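The structure appears right after this line, and notes come after that.
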Amino acid sequence: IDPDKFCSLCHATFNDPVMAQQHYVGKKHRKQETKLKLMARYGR
RNA sequence: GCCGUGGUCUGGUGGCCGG
RNA sequence: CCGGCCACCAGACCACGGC
Ligand SMILES: [Zn+2]
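Residues in the first sequence are numbered from 181 upward in steps of one, following PDB author numbering.
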């Protein structure tokens, strides 16, 4: 089953089931949110 | 010079789907 | 066994900031 998904934190779109889950628990996403969150939080 | 994120590329493993 | 897909790990390259 292929459920469309989107990684707002990385601007990446998903098509495959494992394609999404694998990325959500990945390195290039967890640390990505860190820099993104910092930018948004510091942008005030 | 190193450190942290990001992106592509290079190699190893696994899963999703079909034949 | 083969093909479309993602992650994890390390290397090369570059942008930013810290020391
Ligand atoms: Zn992500």
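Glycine included, each C-beta is placed from N, C-alpha and C at the ideal position.
Within the DSSP secondary-structure output, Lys185 pairs in a beta bridge with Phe194.
If you check the C-beta of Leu218 against ligand 1, you find no heavy atom less than 7 angstroms away. With a threshold of 7 angstroms, the Cβ atom of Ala200 does not count as near ligand 1, since no heavy atom of the ligand is closer than that.
Shown here for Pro197: same chain residues with a beta carbon closer than 7 angstroms to its own, the five before and five after excluded, namely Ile181, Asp182, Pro183 in chain order.
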